[PDB]
Structure formats: C-alpha cells, structure tokens
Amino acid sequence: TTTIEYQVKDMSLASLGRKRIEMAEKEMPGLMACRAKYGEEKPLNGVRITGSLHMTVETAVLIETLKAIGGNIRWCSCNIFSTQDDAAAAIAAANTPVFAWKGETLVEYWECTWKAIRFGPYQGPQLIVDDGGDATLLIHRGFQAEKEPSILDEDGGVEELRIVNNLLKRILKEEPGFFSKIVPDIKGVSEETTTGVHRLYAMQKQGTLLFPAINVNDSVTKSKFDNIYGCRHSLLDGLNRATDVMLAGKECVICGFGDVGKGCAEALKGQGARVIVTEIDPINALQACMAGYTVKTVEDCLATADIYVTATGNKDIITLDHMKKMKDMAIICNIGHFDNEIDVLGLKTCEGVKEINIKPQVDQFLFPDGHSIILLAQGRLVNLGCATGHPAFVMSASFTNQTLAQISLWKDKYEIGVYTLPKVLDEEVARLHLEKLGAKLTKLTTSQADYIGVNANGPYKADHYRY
C-alpha cells in the first residue's frame, strides 16, 4: 500500500537532524500537548495533508504532530533557502514524504510543490498547511487554467510565473482536468504568514477563493509572538552567521514597523545599534517614535546607514538607485517576503555591477566607483536563509495554532471564506505555553468576573481587542 517517496540533499544527515528534533520537542509544549490530547483518537486519521512550510527542525515537530494525530502527509518547503537538510533527512528517514533541500532552483522549487500536492493519480490533499500561499496559488491557477488556458502563456515578463505556467501546462497535459477533479476534495487551507493571508483576502474579495481558509497569522498567539519575538531572535542569528558584523554603534534601517519590523528593531537596539525606521503608515510610524527610534526615508539614510533590513511585505523598498548611493560594504537583507523587497534582479542585470561570492548566501556587489554592497540570501528571508529561523518555543505557539486549525477545517463546517480561530482557542494556545515559562495565572473570582463581564474561563477580551 504505502510507498516511500522523498527527495532530500543528504540522508546521512538524518541522525543529526533527529537529535535536533528531539531537543526541539522539549521546547514545544503546545505541540506535545496536541499529541497527548489527540494522539489516540486521531481526528485527522487518514486525512491527506499537503504542507508547504520551511522544512526546519521546528516544522519537523509540526509534521510529526500532524502524523501522530492521524495525518497522511506530504511536505515541501516554501522557500528555496530555508530547508535545514538534516531536519529534512530525519523526516524522510521516519517515512514521511518530503521534497525539500537548501538551495533549490526555482524550477525545482515549484516541482517540489507539485510533488507535495499530488498524492496519486487525480488525487490531491484534503487539508493544506501553507506559508506564503504558493501551494494555494498553484492549485488556484491550475484550476483557472482549465477554464482559461491562455493564462499559461501570460507571465508578464516574470521568470517565476513562466516557470509556474510551464509546470501547469505539463500537469494538465498529463492529467487533463486534474485541478477540477481534486479541488472539491480540499476541505481547507491554514495559512501561516501575513503575505499569504493577504493573498487569501484578495481572492475572497474577487470571489476566486476555492475552499475555506484559516488565517493563522492573525491568531494573537501567532502575529504578536512569532512575528515579533521570533524575529527578535532570528534576525540577529541570520546577521551573525552570515556576516559576524558587530551591530553596536552601527546605523541600522528597518523598513516597515508592523509586527516583524517591531521585533527586528528591538533586536538591533538591544545590541547597541542606532535604529532608524521607515514607514508608510503614520500610526506605525508614531509607534516607532514613541519607542525612541528615528523615522526617516531610505533616501535620507543612504549617506550614513550601515545595514538595511526590509520588513514590509511590499516591493521595491531598496532599489538599484538606492544601492548605487550606499556606503561601501552596506549590508542589505530581507526578512519580509519573496525576493522583490530588494531589487535583486536589477543588481544582477546591471552591466557594470560585478557579483562576487563571499560564502553561501553572502554575495558582494561591486559598483564601478569601487563601493560595494553585501546582499544576504539573494534577498530572501535572511533569518531562515542564513540561519535557522525562529526558535522552537515561539514556533510551538504558531504551530499549535496550525494544528488546531487543521483539526477544525476537518471536523467543523466552513463555507468558502477566510476565518480566524476563536479567541478561546487563541487563549488556550497561550495557556499551553505558560507553565514552561514558570508563569502563574491569576483566577478571577465570581464577583470579579461579573464586574468586568466575562466568563471566569474566558474569553477575556472583546473580539476587536488589540493586545
């Protein structure tokens, strides 16, 4: 019945990855609580689960939690540089299909996404774990291409869209109507990150969303923990391993002051950096002012700034024109999305600019006047591409949300639309992580609960409370 199938860099790394997974398990009380609560009953028993999410040690604990509660799983990474090859080998060695390695080409990246989606002839996932929406995109675009085949000849100059179109042309030639066949079996997708959730709301607004979606990013125990304190840890780690640069006394520019930018600026400040924030939103800008940061434009900073971190989810933050005017050896990295926050394509196609590799994921771009910039991870996620991403404890919060979302998509009735988990579940995720930290929660008396108008067991806040 069950065939072994995987594609990883180096299976001899499996034992090392398995040791790191065992360490991570002891840092992830929320995921272990999910195994303890659901491991016998197996609410996801036999349910086909496709995952597209950074193949890290932390993700390995999520995969094997979903497996412990019954899932029939296939996995790929959502980023060409974020896979930890030893974690991928350890997952493959424990007989879960995984198609992921550090340093994929874009063609390989999309081929792995397709491998993780296709469970068999005319068979796809019933649940999807997604991070950034690329697996969701492939399914929606393949479905659309059955009705509108001309979109597969339209890339709009974008090389990656050409790659996706070529893949979908081949898929639909091999299995005509594949996506209209498998889409009715998809019970839903749970989406990890701000950018992927933006794609979901856009599809829902246009009425093109094909199945229910849980916005996991906007659990309070995800957005206000992972995005902030995960980055506070892992931006520093990515910069350290890539460059070993001392931050103290350096002028560091954080582009964007949402949840990611807030955690990045706090990390930099704690290491003695002079932190500058850029923002388009006057509210987030005023928050940066109240925290003691200087709020400027990128243009204002070019003559003096030492390091640039893009954290916007937007494009064209750091342009070729900017980089021409930067100080020599300025470090440029992206912790937001994709690879277009920095104009890497412009760097690579500007005839006078010479690219010189320093070490893996660290590249010098030398300009005719003799100054250079240092680009990290080809402009992709620096925390995951140059280091190991967020640490396990905070990913346990994000991934406990993922696990509860998966169970809910399977067990509960959803209409097509985008949903968030109930506040009582959000509160439960937080509860599951308090004991490990030694925190002791206060219990309301009956009189106190009446006075503020809540059930003593929650939820404790109005639905639009912002924390």
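Numbers follow the displayed sequence, beginning with 1.
K.L.:
Between 438-446 and 422-430, which has the larger average Cα B-factor in the PDB entry?
P.N.:
Of 422-430 and 438-446, the stretch with the higher C-alpha B-factor average is 438-446.
K.L.:
Could you settle it for me: does 413-421 or 399-407 have the higher average Cα B factor in the PDB entry?
P.N.:
Going by the record's values, the stretch with the higher mean is 413-421.
K.L.:
Highest recorded C-alpha temperature factor, please, choosing from 269, 187, 232, 74.
P.N.:
Comparing C-alpha B-factors across 269, 187, 232, 74, the top value belongs to 269.
K.L.:
Reading the B-factor column of the entry, which of 255, 88, 129, 214 has the highest value at its C-alpha atom?
P.N.:
Answer, based on the entry's C-alpha B-factors: 214.
K.L.:
Please say which third, lowest, middle or highest, residue 45 falls into when its CA temperature factor is compared across its chain.
P.N.:
Its C-alpha B-factor, which the entry lists for residue 45, ranks in the highest third among residues of this chain.
K.L.:
Could you say whether, by C-alpha temperature factor, residue 99 belongs to the lowest, middle or highest third of its chain?
P.N.:
As the PDB entry reports it, the C-alpha B-factor of residue 99 lands in the lowest third of its chain.
K.L.:
Looking at the temperature factor on the CA atom of residue 30, which third of the chain's modelled residues does it land in?
P.N.:
For residue 30, the deposited C-alpha B-factor lands in the middle third.
K.L.:
Where does the C-alpha B-factor of residue 107 rank in its chain, lowest, middle or highest third?
P.N.:
Its C-alpha B-factor, which the entry lists for residue 107, ranks in the middle third among residues of this chain.
K.L.:
Considering every modelled residue of the chain and its Cα B-factor in the PDB entry, is residue 68 in the lowest, middle or highest third?
P.N.:
As the PDB entry reports it, the C-alpha B-factor of residue 68 lands in the highest third of its chain.
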